[PDB]
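Chemist: First the structure, then my questions, so here it is.
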Amino acid sequence: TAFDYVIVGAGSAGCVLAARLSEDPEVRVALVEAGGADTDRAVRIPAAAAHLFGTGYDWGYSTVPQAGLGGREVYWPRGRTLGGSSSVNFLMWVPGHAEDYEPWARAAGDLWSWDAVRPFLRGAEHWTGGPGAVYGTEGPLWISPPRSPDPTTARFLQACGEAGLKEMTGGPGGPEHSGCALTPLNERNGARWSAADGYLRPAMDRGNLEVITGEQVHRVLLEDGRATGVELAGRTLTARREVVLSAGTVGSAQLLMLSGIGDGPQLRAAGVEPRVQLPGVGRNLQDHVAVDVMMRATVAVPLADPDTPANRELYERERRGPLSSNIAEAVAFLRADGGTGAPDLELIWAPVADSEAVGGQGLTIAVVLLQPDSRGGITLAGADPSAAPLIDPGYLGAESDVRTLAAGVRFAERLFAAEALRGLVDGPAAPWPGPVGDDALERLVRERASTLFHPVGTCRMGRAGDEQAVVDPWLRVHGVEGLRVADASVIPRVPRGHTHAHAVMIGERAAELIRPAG
Ligand SMILES: Cc1cc2nc3c(=O)[nH]c(=O)nc-3n(C[C@H](O)[C@H](O)[C@H](O)COP(=O)(O)OP(=O)(O)OC[C@H]3O[C@@H](n4cnc5c(N)ncnc54)[C@H](O)[C@@H]3O)c2cc1C
């Protein structure tokens with residue numbers, strides 16, 4: 001079946017692009033998604049998101065053994081349903097810092113400066129909270145303050161205050177380089193509001209949009225230097241105008257390589273026929289890494305066991321109580337060196353502990369390396385389109401990353417030692433060992449660090465002439481006509497924020513690049 005545009009992947013970016021491109025009734029748009037409809041309860045309920053790990057809603061990737069982590073493999077959940085990862089994520093809308101775009105503008109020009117992207121980002125947002133927030137007030141994605149924050153969360157913010165991190169008046173993504181805040185949420189009335197909710201669903205009555213679920217794309221079909229369609233298991237979808245890969249940091253890169261687009265020698269070694277030499281495909285992989293500082297609680301921890309009759313009754317009646325929590329209720333930003341300037345550390349407050357020793361009754365500060373120097377890549381394991389690719393982030397390959405995380409763990413410890421928090425905790429929650437000496441701390445970081453689910457950069461944007469660029473500033477794959485990538489893969493440098501915002505923004509930006517308004 002024949003379309004004008006074939007979009008692969010109904011995720012953060014792909015939902016936006018399907019909705020936007022189908023706004024013109026004279027173009028026919030296909031949105032092709034490996035997963036099914038987002039129908040399960042645990043998709044809707046903020047507190048339930050982590051229960052989707054290892055389910056049909058999750059691709060369930062893992063990294064290769066990581067030398068920087070002592071040989072550990074790291075689990076890589078990815079959403080596999082309408083809305084993609086926006087349907088399984090932790091609902092945090094934490095859109096990053098204006099300076100994050102300096103390396104994008106360096107790579108791809110003023111099209112990708114902050115001034116250019118800002119309206120697209122603000123345009124995605126509909127803030128439901130108090131005035132003075134930085135967020136937009138008219139976009140498809142409802143952004144809300146928490147309905148029922150844990151009582152300890154105010155204490156975390158007070159502790160931050162005591163340690164010189166003041167509360168941000170606009171929320172994260174404001175002018176303040178340093179500070180703390182309640183997490184802005186992708187929630188409407190206490191339930192998830194995903195890209196499928198905000199963008200896709202309103203568009204699905206359109207006669208010119210076909211949403212095709214349950215279909216993993218195997219490769220892009222190339223003919224005479226142009227993408228002509230995509231191959232599913234049993235049939236081909238044709239595109240008269242463009243194929244747009246929105247399959248994310250894993251899937252977009254894997255699909256390029258499976259199509260013969262990438263480094264010819266490596267593709268040959270994986271059993272794939274090279275078609276377009278583009279060595280940057282799968283390279284420049286970046287991700288946030290976090291270490292959880294977990295303490296045993298001396299107070300009630302509702303989020304340790306949120307799914308109870310009482311909480312279900314309150315959620316049903318009022319959409320309040322623990323089930324309305326995304327768990328990661330507050331954030332703080334700082335520099336390891338204590339300077340002014342853009343943050344290189346984030347602290348995430350979760351009033352729970354992943355610790356069986358205390359039955360979950362603990363409190364966590366996740367310490368986040370926002371600007372890793374480590375880099376990795378994704379390659380094919382072989383030519384089977386159903387096989388997972390080989391994911392090697394190179395976590396903690398750079399020793400500076402270890403030192404930065406060590407500094408952040410010291411700061412988290414400082415917070416738990418603060419007047420506002422120390423009364424709430426009594427020792428560490430195993431397997432967090434609590435305070436250790438300097439050398440021990442470096443080893444502990446390597447033993448405990450894990451993904452924070454923000455992988456980017458495998459289909460990096462850049463100007464013609466930049467040998468490891470994958471797409472151009474208009475998101476067109478270099479050396480192919482009628483083929484674009486629009487998702488988190490194109491990001492040159494991992495931001496100082498959580499990447500759902502960036503993916504949505506790229507979706508919006510891509511739609512305007514492909515079909516300018518007016
Ligand atoms: C568990 C988890 C928690 C997270 N928490 C947050 C958070 O709270 N806040 C935040 O800002 N970010 C968070 N993130 C990250 C954020 O959700 C992602 O970075 C963002 O959604 C990526 O958008 P995307 O469009 O690039 O890809 P995705 O949204 O992953 O979309 C890719 C889509 O393509 C589909 N696909 C892939 N390959 C194929 C194929 N071959 N054929 C067909 N379809 C295919 C996938 O199934 C998926 O639906 C989280 C991520 C995860 C996994």
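We label chains A, B, ... in the order they appear in the structure tokens, count residues from 1 in each chain, and number ligands from 1 in the order shown.
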Under the rule of at most 6 Å, produce a per-residue listing of chain A near ligand 1: chain, number, name, the closest pair of atoms, and the distance in Å, as JSON lines, using only C-alpha atoms and all ligand atoms.
Modeler:
```
{"residue": "A:8", "atom": "CA", "partner": "ligand 1", "partner_atom_place_in_ligand_line": "43 (C)", "distance": 5.5}
{"residue": "A:9", "atom": "CA", "partner": "ligand 1", "partner_atom_place_in_ligand_line": "34 (O)", "distance": 3.2}
{"residue": "A:10", "atom": "CA", "partner": "ligand 1", "partner_atom_place_in_ligand_line": "49 (O)", "distance": 4.5}
{"residue": "A:11", "atom": "CA", "partner": "ligand 1", "partner_atom_place_in_ligand_line": "31 (O)", "distance": 3.2}
{"residue": "A:12", "atom": "CA", "partner": "ligand 1", "partner_atom_place_in_ligand_line": "25 (O)", "distance": 3.8}
{"residue": "A:13", "atom": "CA", "partner": "ligand 1", "partner_atom_place_in_ligand_line": "25 (O)", "distance": 3.9}
{"residue": "A:14", "atom": "CA", "partner": "ligand 1", "partner_atom_place_in_ligand_line": "25 (O)", "distance": 5.8}
{"residue": "A:32", "atom": "CA", "partner": "ligand 1", "partner_atom_place_in_ligand_line": "43 (C)", "distance": 5.8}
{"residue": "A:33", "atom": "CA", "partner": "ligand 1", "partner_atom_place_in_ligand_line": "44 (N)", "distance": 4.0}
{"residue": "A:34", "atom": "CA", "partner": "ligand 1", "partner_atom_place_in_ligand_line": "43 (C)", "distance": 4.0}
{"residue": "A:35", "atom": "CA", "partner": "ligand 1", "partner_atom_place_in_ligand_line": "47 (O)", "distance": 5.4}
{"residue": "A:77", "atom": "CA", "partner": "ligand 1", "partner_atom_place_in_ligand_line": "53 (C)", "distance": 4.7}
{"residue": "A:78", "atom": "CA", "partner": "ligand 1", "partner_atom_place_in_ligand_line": "53 (C)", "distance": 4.2}
{"residue": "A:79", "atom": "CA", "partner": "ligand 1", "partner_atom_place_in_ligand_line": "30 (O)", "distance": 5.3}
{"residue": "A:80", "atom": "CA", "partner": "ligand 1", "partner_atom_place_in_ligand_line": "47 (O)", "distance": 3.6}
{"residue": "A:81", "atom": "CA", "partner": "ligand 1", "partner_atom_place_in_ligand_line": "49 (O)", "distance": 5.0}
{"residue": "A:82", "atom": "CA", "partner": "ligand 1", "partner_atom_place_in_ligand_line": "49 (O)", "distance": 5.7}
{"residue": "A:83", "atom": "CA", "partner": "ligand 1", "partner_atom_place_in_ligand_line": "49 (O)", "distance": 5.7}
{"residue": "A:84", "atom": "CA", "partner": "ligand 1", "partner_atom_place_in_ligand_line": "49 (O)", "distance": 3.1}
{"residue": "A:85", "atom": "CA", "partner": "ligand 1", "partner_atom_place_in_ligand_line": "29 (O)", "distance": 3.8}
{"residue": "A:86", "atom": "CA", "partner": "ligand 1", "partner_atom_place_in_ligand_line": "21 (O)", "distance": 4.7}
{"residue": "A:88", "atom": "CA", "partner": "ligand 1", "partner_atom_place_in_ligand_line": "1 (C)", "distance": 5.7}
{"residue": "A:89", "atom": "CA", "partner": "ligand 1", "partner_atom_place_in_ligand_line": "3 (C)", "distance": 3.4}
{"residue": "A:90", "atom": "CA", "partner": "ligand 1", "partner_atom_place_in_ligand_line": "8 (O)", "distance": 3.4}
{"residue": "A:91", "atom": "CA", "partner": "ligand 1", "partner_atom_place_in_ligand_line": "8 (O)", "distance": 4.2}
{"residue": "A:92", "atom": "CA", "partner": "ligand 1", "partner_atom_place_in_ligand_line": "8 (O)", "distance": 3.7}
{"residue": "A:93", "atom": "CA", "partner": "ligand 1", "partner_atom_place_in_ligand_line": "11 (O)", "distance": 5.3}
{"residue": "A:215", "atom": "CA", "partner": "ligand 1", "partner_atom_place_in_ligand_line": "43 (C)", "distance": 6.0}
{"residue": "A:216", "atom": "CA", "partner": "ligand 1", "partner_atom_place_in_ligand_line": "42 (N)", "distance": 3.6}
{"residue": "A:217", "atom": "CA", "partner": "ligand 1", "partner_atom_place_in_ligand_line": "42 (N)", "distance": 3.8}
{"residue": "A:218", "atom": "CA", "partner": "ligand 1", "partner_atom_place_in_ligand_line": "41 (N)", "distance": 5.9}
{"residue": "A:246", "atom": "CA", "partner": "ligand 1", "partner_atom_place_in_ligand_line": "25 (O)", "distance": 5.6}
{"residue": "A:247", "atom": "CA", "partner": "ligand 1", "partner_atom_place_in_ligand_line": "34 (O)", "distance": 3.4}
{"residue": "A:248", "atom": "CA", "partner": "ligand 1", "partner_atom_place_in_ligand_line": "26 (O)", "distance": 3.6}
{"residue": "A:249", "atom": "CA", "partner": "ligand 1", "partner_atom_place_in_ligand_line": "26 (O)", "distance": 5.8}
{"residue": "A:251", "atom": "CA", "partner": "ligand 1", "partner_atom_place_in_ligand_line": "38 (N)", "distance": 3.9}
{"residue": "A:453", "atom": "CA", "partner": "ligand 1", "partner_atom_place_in_ligand_line": "51 (C)", "distance": 4.5}
{"residue": "A:454", "atom": "CA", "partner": "ligand 1", "partner_atom_place_in_ligand_line": "19 (O)", "distance": 4.8}
{"residue": "A:487", "atom": "CA", "partner": "ligand 1", "partner_atom_place_in_ligand_line": "26 (O)", "distance": 3.8}
{"residue": "A:488", "atom": "CA", "partner": "ligand 1", "partner_atom_place_in_ligand_line": "26 (O)", "distance": 3.9}
{"residue": "A:498", "atom": "CA", "partner": "ligand 1", "partner_atom_place_in_ligand_line": "11 (O)", "distance": 3.6}
{"residue": "A:499", "atom": "CA", "partner": "ligand 1", "partner_atom_place_in_ligand_line": "19 (O)", "distance": 4.2}
{"residue": "A:500", "atom": "CA", "partner": "ligand 1", "partner_atom_place_in_ligand_line": "11 (O)", "distance": 3.6}
{"residue": "A:501", "atom": "CA", "partner": "ligand 1", "partner_atom_place_in_ligand_line": "11 (O)", "distance": 5.3}
{"residue": "A:503", "atom": "CA", "partner": "ligand 1", "partner_atom_place_in_ligand_line": "23 (O)", "distance": 4.8}
```
Chemist: Which of region 238-407 of chain A end up as strand (DSSP E or B) when DSSP is run on this backbone - answer as a PyMOL selection string?
Modeler: chain A and resi 238-245+261-262+276-277+285-286+289-297+330-334+345-350+362-369+376-379+390-392
Chemist: Give me, as a ChimeraX atom specification, all polymer residues having an atom no more than 12 Å from region 434-449 of chain A, counting only C-alpha atoms and skipping those fewer than 6 positions away in the same chain.
Modeler: /A:66-75,287-296,364,366-369,395-414,416-417,425-428
Chemist: So the first atom is CA of residue 47 (chain A) and the second is CA of residue 158 (chain A); what is the distance between them in Å, to one decimal place?
Modeler: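 Going from CA of residue 47 (chain A) over to CA of residue 158 (chain A) covers 24.0 Å.
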Chemist: Could you state the separation of CA of residue 17 (chain A) and CA of residue 199 (chain A) in Å, given to one decimal place?
Modeler: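 That distance, rounded to one decimal, is 8.6 Å.
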Chemist: Using only C-alpha atoms, which residue out of A:282, A:455, A:433, A:96 lies closest to residue 177 (chain A)?
Modeler: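 Distance minimum relative to residue 177 (chain A) lands on A:96.
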Chemist: List as a list in words the protein and nucleic acid residues near residue 383 (chain A), meaning an atom at most 6 Å away when only C-alpha atoms are counted, but skip any in the same chain fewer than 2 places from it.
Modeler: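 So, after excluding close chain neighbours, the residues are residues 270, 271 and 272 of chain A.
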Chemist: Extract, using only C-alpha atoms, all DNA, RNA and protein residues at most 7 Å from region 153-155 of chain A, discarding same-chain residues fewer than 3 positions from it, and format them as a tab-separated table (two decimals) with N, CA, C and O atoms, in the first residue's frame.
Modeler:
```tsv
chain	number	residue	atom	x	y	z
A	149	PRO	N	2.31	15.05	46.19
A	149	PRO	CA	3.71	14.74	46.47
A	149	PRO	C	3.90	14.11	47.86
A	149	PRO	O	3.17	14.39	48.80
A	150	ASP	N	4.92	13.27	47.99
A	150	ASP	CA	5.23	12.67	49.28
A	150	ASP	C	5.64	13.76	50.25
A	150	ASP	O	6.32	14.72	49.89
A	158	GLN	N	13.96	21.41	51.02
A	158	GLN	CA	14.48	22.22	52.10
A	158	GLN	C	15.97	21.95	52.28
A	158	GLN	O	16.75	22.89	52.36
A	159	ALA	N	16.35	20.65	52.25
A	159	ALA	CA	17.74	20.24	52.36
A	159	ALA	C	18.60	20.88	51.27
A	159	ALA	O	19.66	21.40	51.54
A	329	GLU	N	10.01	12.50	42.21
A	329	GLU	CA	9.13	13.64	42.48
A	329	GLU	C	9.84	15.00	42.47
A	329	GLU	O	9.17	16.01	42.36
A	330	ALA	N	11.17	15.04	42.64
A	330	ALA	CA	11.88	16.32	42.65
A	330	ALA	C	13.25	16.17	42.01
A	330	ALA	O	13.78	15.06	41.94
A	420	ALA	N	17.13	19.08	57.37
A	420	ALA	CA	15.81	18.78	56.86
A	420	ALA	C	15.65	17.29	56.55
A	420	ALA	O	14.53	16.82	56.52
A	421	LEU	N	16.75	16.53	56.34
A	421	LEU	CA	16.64	15.12	55.95
A	421	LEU	C	17.13	14.15	57.02
A	421	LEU	O	16.63	13.03	57.08
```
